[PDB]
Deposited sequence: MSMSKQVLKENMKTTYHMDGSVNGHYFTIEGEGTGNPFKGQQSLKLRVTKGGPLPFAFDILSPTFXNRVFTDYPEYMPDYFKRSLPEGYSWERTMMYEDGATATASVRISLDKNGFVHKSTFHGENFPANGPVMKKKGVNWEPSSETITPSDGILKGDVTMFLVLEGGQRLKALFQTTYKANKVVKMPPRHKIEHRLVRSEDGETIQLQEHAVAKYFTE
């Protein structure tokens, strides 16, 4: 059952510019209100020599506020769950891919991810750890042959105020056949903070039709 207070355990293996790392952590949130808060720790390869923000959107569209009148592909995928694949193309030529499987154990969600980043400029804002936070965004969600496609133009706010642009494209694939929504959008607000060792993420997400 999907709880009003739903927990997640996270495991990520990844590399950025050939630097391998591992992240583990926990989350809690209200999936029906599209709210979640995460506590993440670097367990291998820390301190990360890159801005954590390029990883944060990898750490679950179940935590989206969907109206009753719109099909919720992600909540309908439960308890079987779903997986997703994502490409992230930065305007400076840097590229990243992410792969995630979302499933359940007795305590809540199990979130297992991989992340491969390369060709971020060595003296760019990401390797110099100048990321602050992503801007709020609007992701277009489009059905296509059993899976959903997501398309969102992202802007990472840097120290000093300039913005690094990247195009995110995601495919979302339920582990069973589920009824699928029409084209719509999801409005995101993802905020990163820090508590000593712990990297903290909070996301709010709401689904809406266009117009």
Numbered from 1 along the deposited sequence, what ranges are absent from the coordinates?
1-6, 66, 219
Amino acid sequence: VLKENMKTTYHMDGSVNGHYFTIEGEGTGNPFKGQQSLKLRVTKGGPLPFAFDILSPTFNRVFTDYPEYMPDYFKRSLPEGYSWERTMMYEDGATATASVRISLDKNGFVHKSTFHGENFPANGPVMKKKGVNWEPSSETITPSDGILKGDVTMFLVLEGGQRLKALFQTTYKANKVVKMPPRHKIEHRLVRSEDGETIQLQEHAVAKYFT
From here on, numbers count along this sequence of modelled residues.
Where do the C-alpha atoms have the higher mean temperature factor in this entry, in 113-121 or in 97-105?
113-121
Mean C-alpha B-factor higher for 148-156, or for 26-34?
148-156
Top Cα B factor in the deposited entry, candidates 182, 47, 67, 57
47
Say you rank 62, 186, 51, 177 by Cα B-factor from the PDB entry; which sits at the top?
51
Position of residue 131 among the chain's modelled residues by C-alpha B-factor, lowest, middle or highest third:
highest
Comparing against every modelled residue in the chain, figure out the third that the C-alpha B-factor of residue 1 lands in (lowest, middle or highest).
highest
CA B-factor ranking of residue 165, expressed as a third of its chain
highest
